[PDB]
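Below is one structure; the comments refer to it alone.
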Number of protein chains: 2
Amino acid sequence: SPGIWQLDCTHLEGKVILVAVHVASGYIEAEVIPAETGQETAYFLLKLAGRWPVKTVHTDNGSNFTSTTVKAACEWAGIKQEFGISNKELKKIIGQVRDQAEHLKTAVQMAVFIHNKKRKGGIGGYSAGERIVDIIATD
Amino acid sequence: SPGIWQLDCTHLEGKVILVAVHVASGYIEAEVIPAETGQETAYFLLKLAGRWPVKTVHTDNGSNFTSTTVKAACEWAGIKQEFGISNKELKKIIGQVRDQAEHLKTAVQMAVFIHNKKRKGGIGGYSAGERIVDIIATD
Ligand SMILES: Cc1ccc2oc(C#Cc3ccc(C(=O)O)cc3)c(CC(=O)O)c2c1
Ligand SMILES: Cc1ccc2oc(C#Cc3ccc(C(=O)O)cc3)c(CC(=O)O)c2c1
């Protein structure tokens, strides 16, 4: 459970946002890429796996199953690719910040920041960022 | 101490690697950018700050003091920029992996992965990755 992530794509202003969700915490990492490709996905996974425990990645379609680069990233980093499994919450915050940022990728990272640091209902308990640290700190 | 980072640049194959070190853990985040610019630095800081507690960033020269974008990122994210303060360890591991990766940026992230996951002397105690989680988990 500390190593379980969901991976999805979302789209805004004709760009692609790669989104990884730490399922138990709701903690997010996101990346704006020029184009959906195996290589970009592989790179994102390798960066995420260098930063957090990533044991298993769930995706909801076949696209990641067709990349030899994703396959090599999986084997390099020890990530199990499993089939079968926030995007709209993220687009809401991106909409709140879009006009403080010249570039979409800036607004996406401002949205990721707010998502990971905020408390639920704006008061009490832990943010997603505190929750992932607390889940991992308990080995 | 949980929020204290050092920020530096390093260079390989004519590219620029942005390196942030969590001073108490030795945990690293790194990014290959096309060009040293204020904007790229600001973006890197905002991404790091969305992911970890970043309270204070130490740098060892004036370059980050001259960017209005870095200034705006600092104020947006609540990061204190302080003057006054791993690169060679990272270039060693990059040298070990360079030939498993077509792109330098891939080799840099493979190096970051090994740096953050390895134990000191290859046995016992915590990796940098476990150390940063343990330091933050103790609020
Ligand atoms: C308040 C704040 C905080 C962080 C920020 O990061 C950026 C940026 C950037 C960037 C642009 C282009 C490339 C590229 O060429 O790929 C890379 C990075 C800004 C500028 C903006 O967006 O308002 C910014 C502002
Ligand atoms: C085993 C393994 C693990 C992860 C990996 O990521 C990549 C990649 C990539 C990339 C290239 C170009 C852009 C760009 O156009 O900016 C962005 C990302 C690879 C391919 C390589 O480098 O060997 C790779 C392999």
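To be explicit about the labels: the chains of the structure tokens are called A, B, and onward in the order shown, and within each one the residues are counted from 1, while ligands get numbers from 1 in the order they are shown.
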
Interface rows for chain A against ligand 2: nearest pair, Å to one decimal, 10 Å, only C-alpha atoms and all ligand atoms, as a Markdown table:
| residue | atom | partner | partner_atom_place_in_ligand_line | distance |
| --- | --- | --- | --- | --- |
| A:33 | CA | ligand 2 | 17 (C) | 8.1 |
| A:34 | CA | ligand 2 | 15 (O) | 8.0 |
| A:35 | CA | ligand 2 | 15 (O) | 8.8 |
| A:37 | CA | ligand 2 | 18 (C) | 8.7 |
| A:38 | CA | ligand 2 | 8 (C) | 8.1 |
| A:39 | CA | ligand 2 | 8 (C) | 4.3 |
| A:40 | CA | ligand 2 | 18 (C) | 4.4 |
| A:41 | CA | ligand 2 | 6 (O) | 7.4 |
| A:42 | CA | ligand 2 | 6 (O) | 4.5 |
| A:43 | CA | ligand 2 | 6 (O) | 3.5 |
| A:44 | CA | ligand 2 | 6 (O) | 7.3 |
| A:45 | CA | ligand 2 | 4 (C) | 7.2 |
| A:46 | CA | ligand 2 | 4 (C) | 5.3 |
| A:47 | CA | ligand 2 | 4 (C) | 8.3 |
| A:68 | CA | ligand 2 | 25 (C) | 9.0 |
| A:69 | CA | ligand 2 | 25 (C) | 5.5 |
| A:70 | CA | ligand 2 | 4 (C) | 7.0 |
| A:71 | CA | ligand 2 | 1 (C) | 7.9 |
| A:72 | CA | ligand 2 | 1 (C) | 4.5 |
| A:73 | CA | ligand 2 | 3 (C) | 3.7 |
| A:74 | CA | ligand 2 | 3 (C) | 7.4 |
| A:75 | CA | ligand 2 | 1 (C) | 7.5 |
| A:76 | CA | ligand 2 | 1 (C) | 5.6 |
| A:77 | CA | ligand 2 | 3 (C) | 7.8 |

With a cut-off of 6 Å and counting only C-alpha atoms, select all residues of chain B in contact with chain A and give the selection as a PyMOL selection string. chain B and resi 47+50+109+113+133-134+137

Residues from the last selection, C-alpha atoms, saved as a tab-separated table (two decimals), in the first residue's frame:
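Result file selection.tsv:
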chain	number	residue	atom	x	y	z
B	47	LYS	CA	7.88	21.72	-8.47
B	50	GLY	CA	4.86	21.25	-4.26
B	109	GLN	CA	17.45	10.43	-13.24
B	113	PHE	CA	17.41	7.06	-8.16
B	133	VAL	CA	10.73	10.87	5.11
B	134	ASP	CA	11.86	10.05	8.70
B	137	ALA	CA	7.53	12.38	9.72

In Å to one decimal, how far is CA of residue 57 (chain B) from CA of residue 104 (chain A)?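 One can read the CA of residue 104 (chain A) to CA of residue 57 (chain B) distance as 24.9 Å.
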
Sel. of strand (DSSP E or B) residues, region 39-98 of chain B, as a PDB file with C-alpha atoms, in the first residue's frame:
ATOM      1  CA  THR B  56      14.861  27.955   2.932  1.00  0.00           C
ATOM      2  CA  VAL B  57      17.090  27.555  -0.149  1.00  0.00           C
ATOM      3  CA  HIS B  58      20.816  28.245   0.195  1.00  0.00           C
ATOM      4  CA  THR B  59      22.880  29.157  -2.886  1.00  0.00           C
ATOM      5  CA  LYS B  80      13.294  32.132   1.885  1.00  0.00           C
ATOM      6  CA  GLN B  81      16.303  32.622  -0.496  1.00  0.00           C
ATOM      7  CA  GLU B  82      19.501  32.699   1.712  1.00  0.00           C
ATOM      8  CA  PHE B  83      23.066  33.335   0.463  1.00  0.00           C
TER       9      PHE B  83
END

Return the single residue from A:102, A:18, A:36, A:78 that is closest to ligand 1, with distances computed using only C-alpha atoms and all ligand atoms.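 Among the listed residues, A:102 lies closest to ligand 1.
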
Measuring atom to atom with only C-alpha atoms and all ligand atoms, identify which of B:85, B:79, B:90, B:107 is nearest to ligand 1.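 So, comparing all the options, the nearest one is B:79.
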
Looking at only C-alpha atoms and all ligand atoms, which of A:22, A:32, A:7, A:94 is the one that sits closest to ligand 1?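 Between A:22, A:32, A:7, A:94, the residue approaching ligand 1 most closely is A:32.
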
Judged by only C-alpha atoms and all ligand atoms, the minimum distance to ligand 1 among B:14, B:9, B:23, B:67 is found for B:67

As a ChimeraX atom specification, which residues of region 67-98 of chain A does DSSP assign to alpha helix (DSSP H)? /A:68-77,87-97

Include C-alpha atoms and write out the residues we just selected as an mmCIF file, in the first residue's frame.
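What follows is the written file result_15.cif:
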data_model
loop_
_atom_site.group_PDB
_atom_site.id
_atom_site.type_symbol
_atom_site.label_atom_id
_atom_site.label_comp_id
_atom_site.auth_asym_id
_atom_site.auth_seq_id
_atom_site.Cartn_x
_atom_site.Cartn_y
_atom_site.Cartn_z
ATOM 1 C CA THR A 68 9.169 -0.942 -25.008
ATOM 2 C CA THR A 69 10.685 2.155 -23.219
ATOM 3 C CA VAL A 70 7.967 1.963 -20.466
ATOM 4 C CA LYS A 71 8.726 -1.823 -20.263
ATOM 5 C CA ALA A 72 12.514 -1.096 -19.829
ATOM 6 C CA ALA A 73 11.747 1.652 -17.190
ATOM 7 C CA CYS A 74 9.529 -0.815 -15.313
ATOM 8 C CA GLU A 75 12.271 -3.458 -15.233
ATOM 9 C CA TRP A 76 15.072 -0.931 -14.455
ATOM 10 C CA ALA A 77 13.168 0.517 -11.414
ATOM 11 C CA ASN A 87 -8.067 14.898 -12.620
ATOM 12 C CA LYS A 88 -11.200 17.123 -12.312
ATOM 13 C CA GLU A 89 -10.146 18.570 -8.879
ATOM 14 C CA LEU A 90 -6.739 19.433 -10.519
ATOM 15 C CA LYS A 91 -8.396 21.175 -13.561
ATOM 16 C CA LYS A 92 -10.537 23.236 -11.055
ATOM 17 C CA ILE A 93 -7.422 24.513 -9.167
ATOM 18 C CA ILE A 94 -5.602 25.040 -12.545
ATOM 19 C CA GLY A 95 -8.607 27.227 -13.524
ATOM 20 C CA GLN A 96 -8.216 29.230 -10.232
ATOM 21 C CA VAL A 97 -4.445 29.891 -10.905
#
